[PDB]
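In the form deposited without this ligand, a lone chain appears below as structure tokens.
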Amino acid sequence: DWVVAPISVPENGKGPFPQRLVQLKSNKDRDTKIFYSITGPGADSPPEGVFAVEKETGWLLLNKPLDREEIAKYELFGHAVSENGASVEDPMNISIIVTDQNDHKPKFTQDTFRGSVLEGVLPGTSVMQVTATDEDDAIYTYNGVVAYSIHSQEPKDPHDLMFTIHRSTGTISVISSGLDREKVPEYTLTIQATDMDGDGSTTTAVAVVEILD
């Protein structure tokens, strides 16, 4: 028959391996005996032997769990060969698409972000913008989508939270009145980024805000 629909595999699949993906078959196996094999990156080029084929049965096998962030798509070729050594098919393209899981934590682009704002700005004024990246996919899944939060502030004067953060952009803004350099010239905000848009894992950094006159 000798076509294969593109194959979709979720990354970091649980064992046991190997695991069967599809059974290769050439209809000319009624004539004589056939040996199946595969080539391409993932098969006979680096990384070597992620995939294999059982030569007699024809089972395309995956031998180890995939990681989408190393490699997202594999293009292999299928080969059928008689016992006498004749290629009985044109080599068949086999496509394997690797689909995303949340195997990565978000990671702030810096351990500390600094900012400064004039003491007399109106509530609602932007101070600075923090950023956390995430290797997982952010286009078709939430695994790469960061939500931002302020865990805590020090000191807590005048009151508990002088600031807020935009949950998607990481822009930090003044939400209350009464910033005053003489009184409190600097704040330390413990910031957090949580992937799967708020429902996943969390990473922590700090933002240090300078109050200017």
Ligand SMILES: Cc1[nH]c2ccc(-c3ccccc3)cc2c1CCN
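Don't overthink the numbering: it's just position in the shown sequence, from 1.
One more form of this protein, deposited with this ligand bound, exists but is not displayed; see below.
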*Are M128, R181 and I211 jointly within 4.5 Å of this ligand in the bound PDB entry, each by at least one heavy atom?*
no
_Using a 4.5 Å heavy atom cut-off, which residue among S82, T99, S116, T112 comes into contact with this ligand in the bound PDB entry?_
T99
*Choose from 65-73, 45-53, 32-40, 164-172 the stretch whose residues reach within 4.5 Å of this ligand in the bound PDB entry, heavy atoms counted.*
65-73
*asked:* Residue-level question: is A205 within 4.5 Å of this ligand in the bound PDB entry, judged on heavy atoms?
replied: no
_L21, heavy atom within 4.5 angstroms of this ligand in the bound PDB entry_ = yes
*asked:* When the contact criterion is heavy atoms within 4.5 Å, does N93 count as touching this ligand in the bound PDB entry?
replied: no
*Using the partner position in the bound PDB entry, report whether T141 sits within 4.5 Å of this ligand, counting heavy atoms only.*
yes
